[PDB]
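Quick mapping for you: the protein sequence lines, in order, are chains A, B, C, D and E.
Just so you know, the first sequence maps onto residues 296 to 309, 312 to 323, 323A, 324 to 349 in the entry's author numbering.
Just so you know, the second sequence maps onto residues 137 to 141, 153 to 184, 189 in the entry's author numbering.
Just so you know, the third sequence maps onto residues 3 to 9, 11 to 95, 95A to 95B, 96 to 106, 106A in the entry's author numbering.
456 is the number that the entry's author numbering gives the last residue of the fourth sequence; the numbers go up by one with no jumps.
Just so you know, the fifth sequence maps onto residues 2 to 35, 35A, 36 to 82, 82A to 82C, 83 to 100, 100A to 100M, 101 to 113 in the entry's author numbering.
Using N, Cα and C, we set each Cβ at its ideal position, and we do this for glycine too.
Some notes on the structure that comes next.
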Amino acid sequence: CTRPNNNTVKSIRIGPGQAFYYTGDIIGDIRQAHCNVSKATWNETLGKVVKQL
Amino acid sequence: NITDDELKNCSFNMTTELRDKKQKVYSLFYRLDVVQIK
Amino acid sequence: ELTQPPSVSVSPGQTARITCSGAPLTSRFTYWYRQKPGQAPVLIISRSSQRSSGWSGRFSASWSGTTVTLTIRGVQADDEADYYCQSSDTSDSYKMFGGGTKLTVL
Amino acid sequence: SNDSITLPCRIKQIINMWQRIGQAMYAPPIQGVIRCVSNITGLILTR
Amino acid sequence: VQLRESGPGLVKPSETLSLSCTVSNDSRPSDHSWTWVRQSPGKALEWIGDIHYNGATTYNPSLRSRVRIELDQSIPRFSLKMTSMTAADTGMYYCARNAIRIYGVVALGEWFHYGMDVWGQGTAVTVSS
Ligand SMILES: *[C@@H]1O[C@H](CO)[C@@H](O[C@@H]2O[C@H](CO)[C@@H](O[C@@H]3O[C@H](CO[C@H]4O[C@H](CO[C@H]5O[C@H](CO)[C@@H](O)[C@H](O)[C@@H]5O[C@H]5O[C@H](CO)[C@@H](O)[C@H](O)[C@@H]5O)[C@@H](O)[C@H](O[C@H]5O[C@H](CO)[C@@H](O)[C@H](O)[C@@H]5O)[C@@H]4O)[C@@H](O)[C@H](O[C@H]4O[C@H](CO)[C@@H](O)[C@H](O)[C@@H]4O[C@H]4O[C@H](CO)[C@@H](O)[C@H](O)[C@@H]4O[C@H]4O[C@H](CO)[C@@H](O)[C@H](O)[C@@H]4O)[C@@H]3O)[C@H](O)[C@H]2NC(C)=O)[C@H](O)[C@H]1NC(C)=O
Ligand SMILES: *[C@@H]1O[C@H](CO)[C@@H](O[C@@H]2O[C@H](CO)[C@@H](O[C@@H]3O[C@H](CO)[C@@H](O)[C@H](O[C@H]4O[C@H](CO)[C@@H](O)[C@H](O)[C@@H]4O[C@H]4O[C@H](CO)[C@@H](O)[C@H](O)[C@@H]4O[C@H]4O[C@H](CO)[C@@H](O)[C@H](O)[C@@H]4O)[C@@H]3O)[C@H](O)[C@H]2NC(C)=O)[C@H](O)[C@H]1NC(C)=O
Ligand SMILES: *[C@@H]1O[C@H](CO)[C@@H](O[C@@H]2O[C@H](CO)[C@@H](O[C@@H]3O[C@H](CO)[C@@H](O)[C@H](O[C@H]4O[C@H](CO)[C@@H](O)[C@H](O)[C@@H]4O)[C@@H]3O)[C@H](O)[C@H]2NC(C)=O)[C@H](O)[C@H]1NC(C)=O
Ligand SMILES: *[C@@H]1O[C@H](CO)[C@@H](O[C@@H]2O[C@H](CO)[C@@H](O[C@@H]3O[C@H](CO)[C@@H](O)[C@H](O)[C@@H]3O)[C@H](O)[C@H]2NC(C)=O)[C@H](O)[C@H]1NC(C)=O
Ligand SMILES: *[C@@H]1O[C@H](CO)[C@@H](O[C@@H]2O[C@H](CO)[C@@H](O)[C@H](O)[C@H]2NC(C)=O)[C@H](O)[C@H]1NC(C)=O
Ligand SMILES: *[C@@H]1O[C@H](CO)[C@@H](O[C@@H]2O[C@H](CO)[C@@H](O)[C@H](O)[C@H]2NC(C)=O)[C@H](O)[C@H]1NC(C)=O
Ligand SMILES: *[C@@H]1O[C@H](CO)[C@@H](O)[C@H](O)[C@H]1NC(C)=O
Ligand SMILES: *[C@@H]1O[C@H](CO)[C@@H](O)[C@H](O)[C@H]1NC(C)=O
Ligand SMILES: *[C@@H]1O[C@H](CO)[C@@H](O)[C@H](O)[C@H]1NC(C)=O
Ligand SMILES: *[C@@H]1O[C@H](CO)[C@@H](O)[C@H](O)[C@H]1NC(C)=O
């Protein structure tokens, strides 16, 4: 799994010694977070389940 | 600059270390952490 | 569809601007081409990643409403051709062209 | 085989852990990229 | 990158159309888009259709009932099947490469069209008798 965004994190102080972080900017390749699953591995799983059900 | 289309560039006010002085900064957020009442 | 001026007249040396208008240009991206008569079209403005203004070399383009202005910096007499803006629909189903715009150089 | 389905995943920052309403924990965003690998062991199904 | 069209030159009316466009010197031929666009004399351009190597094709819906675009990938040459030729379709026709670059998962739509960089020879499509 991944969040493929090169991201810049900046810091500020909101009050009497209270730091805070925020997403400043991203460097420029706007993507979407995702996860890969091996396909043939997953079908091999579900055949075991219906075998018992 | 132009294109089609999960981020919001947000105008934003906030306090500072001192009690009276304000702070006009900007940041970014996602979709599901902010709501319309622009 | 799209909307263009039919012809644009300018002297050499000045800055000619062509405004491609149209209903799909609220959202989608605009192409540009050059075609000499009797020869092939030529892509003149392509794009990089989305937050990168596409590409800025010799030409540029701005956006305001449904209008897209085609900025031509440093007009000479050799770029005489017919020009075309291109986009697709916001539904992303089919691809249309501009009407066509002649460059008139004094 | 030699294939990989891919899921769309979203990102949030304001969580409510274990549905305890009133408590709201903020997620500090972190720099660099994100990679984490995990096994699959347990599943929940509902008739 | 090279490309060359292929045409008969003179086509009778009410017959069909067989065109193709051979591509060479392409290090990644497999990840672009391939399209036909035609042009009438003294007119604007006229998009026809497109093909990608998965097999997915779209078309101009007004022309869709008479056209078909197919593909060989061993020889990088994609074809063109227009039926029912009329004299109003006399013009200058083009094959073109529409490039796509990738910023992530292809199956999630993390790509964008670069733009149509490479344009064909042009062919004097003459529908006459
Ligand atoms: C889950 O599983 C998923 C799998 O299903 C998996 O998804 C994969 O994700 C990764 C990343 O998340 C994806 O990787 C991307 O791939 C893109 C494409 O890379 C391929 O194509 C290039 C292009 O090579 C062309 O040119 C050479 C000659 O130099 C030819 O030999 C090639 O054949 C090809 O030629 C064609 O194109 C020419 C140009 O149009 C044509 O003229 C020609 O006719 C040809 O048709 C190949 O080179 C790649 O092969 C290897 O080569 C390079 C060489 O350095 C290696 O570095 C590389 O790693 C490969 O091993 C490959 O085949 C990439 O574009 C993309 O990389 C961009 O992004 C990263 C990160 O931002 C940058 O570091 C990188 O530099 C690239 O950025 C440039 O381009 C983008 C364009 O969008 C810009 O945003 C950016 O600013 C920068 O632009 C600058 O440079 C440009 C060119 O240099 C220039 O044009 C710009 O103007 C600007 O100057 C990235 O690597 C991968 O595709 C996914 N796969 C699938 C199937 O989805 C996922 O990760 C998995 N997840 C997990 C968690 O596991
Ligand atoms: C449960 O799973 C089953 C199977 O596991 C699911 O059934 C499958 O569902 C699929 C989508 O719902 C369906 O795939 C489609 O099949 C048709 C015919 O086979 C095919 O044409 C489709 O391809 C189009 O769509 C995909 C994704 O949208 C695109 O990646 C692809 O390129 C095609 O899109 C192009 O044409 C569209 C037409 O409107 C354009 O809008 C679109 O933008 C795109 O154009 C671009 O791509 C072209 C190609 O590069 C390019 O030329 C053009 O210029 C643009 O760049 C798609 O494969 C399966 O057929 C279907 N299978 C079965 C057996 O039914 C089922 O959905 C799941 N259940 C539920 C409830 O979701
Ligand atoms: C900031 O960006 C966001 C998204 O990045 C954008 O929110 C979206 O705005 C569009 C346009 O208002 C909405 O798109 C609609 O989506 C449905 C289905 O996707 C379409 O069918 C709709 O088309 C009909 O409605 C239009 C309304 O005028 C008609 O013109 C059209 O012909 C159709 O009848 C329409 O495209 C989309 O729903 C939102 N997204 C969300 C999550 O609400 C937002 O508008 C941008 N901010 C500003 C100020 O524009
Ligand atoms: C999830 O990611 C991990 C790594 O981030 C992937 O593991 C990698 O899997 C590939 C093949 O599945 C391995 O490549 C093979 O390595 C052998 C050993 O040298 C080589 O001889 C083969 O020719 C082949 O290249 C790779 O080594 C392995 N890497 C690690 C660190 O384990 C895994 O496949 C990913 N899973 C999914 C579902 O994407
Ligand atoms: C959000 O909008 C603001 C508008 O002010 C952008 O901030 C400006 O960005 C330009 C270049 O990116 C700088 O030259 C200015 O100095 C910035 N203004 C201020 C007040 O700092 C900001 O870049 C936008 N956010 C993102 C992520 O692009
Ligand atoms: C996921 O489970 C597998 C079980 O096969 C783990 O693989 C083995 O784990 C043991 C102890 O953790 C190691 O001694 C072996 O060397 C591992 N074998 C291989 C081939 O890796 C695996 O470690 C588990 N995943 C994680 C992230 O711990
Ligand atoms: C993100 O971009 C910065 C430049 O703004 C660079 O220094 C950094 O190395 C990039 N991140 C990664 C993981 O390469
Ligand atoms: C595009 O936007 C970037 C940052 O948003 C800016 O630096 C650049 O000048 C803009 N280019 C044009 C042509 O508007
Ligand atoms: C932030 O404060 C300034 C003055 O302090 C004000 O002009 C501005 O409108 C405020 N921003 C918002 C989004 O209300
Ligand atoms: C392909 O064309 C390029 C120019 O685009 C050229 O440099 C190269 O030599 C050509 N390839 C071969 C094998 O001749």
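For residue i, the first and last residue of its enclosing beta strand (DSSP E)
{"i": "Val345 (chain A)", "result": "Note, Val345 (chain A): premise wrong, no beta strand (DSSP E); alpha helix (DSSP H) at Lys335 to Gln348."}
{"i": "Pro44 (chain C)", "result": "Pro44 to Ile48"}
{"i": "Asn156 (chain B)", "result": "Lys155 to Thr162"}
{"i": "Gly55 (chain E)", "result": "Where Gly55 (chain E) is concerned, there is no enclosing beta strand (DSSP E), given that its DSSP letter is neither H nor E."}
{"i": "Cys92 (chain E)", "result": "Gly88 to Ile99"}
{"i": "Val181 (chain B)", "result": "Segment: none, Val181 (chain B) is in no beta strand (DSSP E) and carries neither H nor E."}
{"i": "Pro417 (chain D)", "result": "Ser413 to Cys418"}
{"i": "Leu63 (chain E)", "result": "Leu63 (chain E) -> no beta strand (DSSP E), and no H or E assigned at all."}
{"i": "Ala19 (chain C)", "result": "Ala19 to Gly25"}
{"i": "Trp35 (chain C)", "result": "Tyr34 to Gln38"}
{"i": "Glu6 (chain E)", "result": "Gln3 to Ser7"}
{"i": "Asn302 (chain A)", "result": "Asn302 to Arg308"}
{"i": "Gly100L (chain E)", "result": "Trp100H to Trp103"}
{"i": "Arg77 (chain E)", "result": "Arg77 to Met82"}
{"i": "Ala108 (chain E)", "result": "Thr107 to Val111"}
{"i": "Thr139 (chain B)", "result": "Premise fails: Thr139 (chain B) is in no beta strand (DSSP E) and is neither H nor E."}
{"i": "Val13 (chain C)", "result": "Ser9 to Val13"}
{"i": "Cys445 (chain D)", "result": "Careful: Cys445 (chain D) lies outside any beta strand (DSSP E) and carries neither H nor E."}
{"i": "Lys103 (chain C)", "result": "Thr102 to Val106"}
{"i": "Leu18 (chain E)", "result": "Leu18 to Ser25"}
{"i": "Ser90 (chain C)", "result": "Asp85 to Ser91"}
Three-way DSSP call (helix, strand, coil) for residue i in this model
{"i": "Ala64 (chain C)", "result": "strand"}
{"i": "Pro437 (chain D)", "result": "coil"}
{"i": "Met97 (chain C)", "result": "strand"}
{"i": "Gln428 (chain D)", "result": "helix"}
{"i": "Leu73 (chain C)", "result": "strand"}
{"i": "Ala329 (chain A)", "result": "strand"}
{"i": "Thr35A (chain E)", "result": "strand"}
{"i": "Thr320 (chain A)", "result": "strand"}
{"i": "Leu28 (chain C)", "result": "helix"}
Residue i versus the options, residue with shortest Cα-Cα distance
{"i": "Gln17 (chain C)", "options": "C:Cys88, C:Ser90, C:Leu106A and C:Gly77", "result": "C:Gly77"}
{"i": "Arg37 (chain C)", "options": "E:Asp32, E:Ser28, E:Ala44 and E:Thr35A", "result": "E:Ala44"}
{"i": "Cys331 (chain A)", "options": "E:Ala100D, E:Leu71, E:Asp86 and E:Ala56", "result": "E:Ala100D"}
{"i": "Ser112 (chain E)", "options": "E:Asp27, E:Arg68, E:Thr83 and E:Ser7", "result": "E:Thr83"}
{"i": "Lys189 (chain B)", "options": "B:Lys168, B:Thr162 and B:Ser158", "result": "B:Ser158"}
{"i": "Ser62 (chain E)", "options": "E:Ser25, E:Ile48 and E:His33", "result": "E:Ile48"}
{"i": "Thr341 (chain A)", "options": "D:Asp412, D:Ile449 and D:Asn425", "result": "D:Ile449"}
{"i": "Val109 (chain E)", "options": "E:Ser19, E:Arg66 and E:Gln3", "result": "E:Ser19"}
{"i": "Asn302 (chain A)", "options": "D:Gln428, D:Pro437, D:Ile414 and D:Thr415", "result": "D:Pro437"}
{"i": "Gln183 (chain B)", "options": "B:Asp140, B:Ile138 and B:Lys155", "result": "B:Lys155"}
{"i": "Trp35 (chain C)", "options": "C:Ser52, C:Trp58 and C:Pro15", "result": "C:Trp58"}
{"i": "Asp412 (chain D)", "options": "A:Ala329, A:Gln348 and A:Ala336", "result": "A:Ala336"}
{"i": "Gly324 (chain A)", "options": "C:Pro7, C:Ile48, C:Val13 and C:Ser55", "result": "C:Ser55"}
Integer-rounded CB distance, given that residue j should sit under 8 Å from residue i
{"i": "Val102 (chain E)", "j": "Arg94 (chain E)", "result": "4 Å"}
{"i": "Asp180 (chain B)", "j": "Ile423 (chain D)", "result": "5 Å"}
{"i": "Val333 (chain A)", "j": "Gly321 (chain A)", "result": "In fact, because the Cβ distance is near 33 Å, the residues do not count as touching under 8 Å."}
{"i": "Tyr90 (chain E)", "j": "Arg5 (chain E)", "result": "With 8 Å as the limit, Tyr90 (chain E) and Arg5 (chain E) do not qualify as a contact, their Cβ atoms being about 13 Å apart."}
{"i": "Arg327 (chain A)", "j": "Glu46 (chain E)", "result": "Incorrect: roughly 35 Å between the Cβ atoms, too far for contact."}
{"i": "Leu46 (chain C)", "j": "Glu83 (chain C)", "result": "Actually they do not touch by this definition, with Cβ atoms about 18 Å apart."}
{"i": "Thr139 (chain B)", "j": "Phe32 (chain C)", "result": "6 Å"}
{"i": "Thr102 (chain C)", "j": "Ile48 (chain C)", "result": "So it is not a contact: roughly 14 Å between Cβ atoms."}
Any residues whose CB sits closer than 7 Å to a heavy atom of ligand 4? List them in chain order? A:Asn332, A:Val333, A:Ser334, D:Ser413 and D:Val446
Environment of ligand 8 in chain order, Cβ to heavy atom below 5 Å: B:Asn137 and C:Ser56
Any chance you could list the residues with Cβ under 6 Å from a heavy atom of ligand 9, keeping chain order? B:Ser158, B:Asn160, B:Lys169 and B:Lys171
So if I measure from each beta-carbon to every heavy atom of ligand 5 and keep distances below 7 Å, which residues remain? A:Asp322, A:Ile323, B:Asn156, B:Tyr173 and B:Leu175
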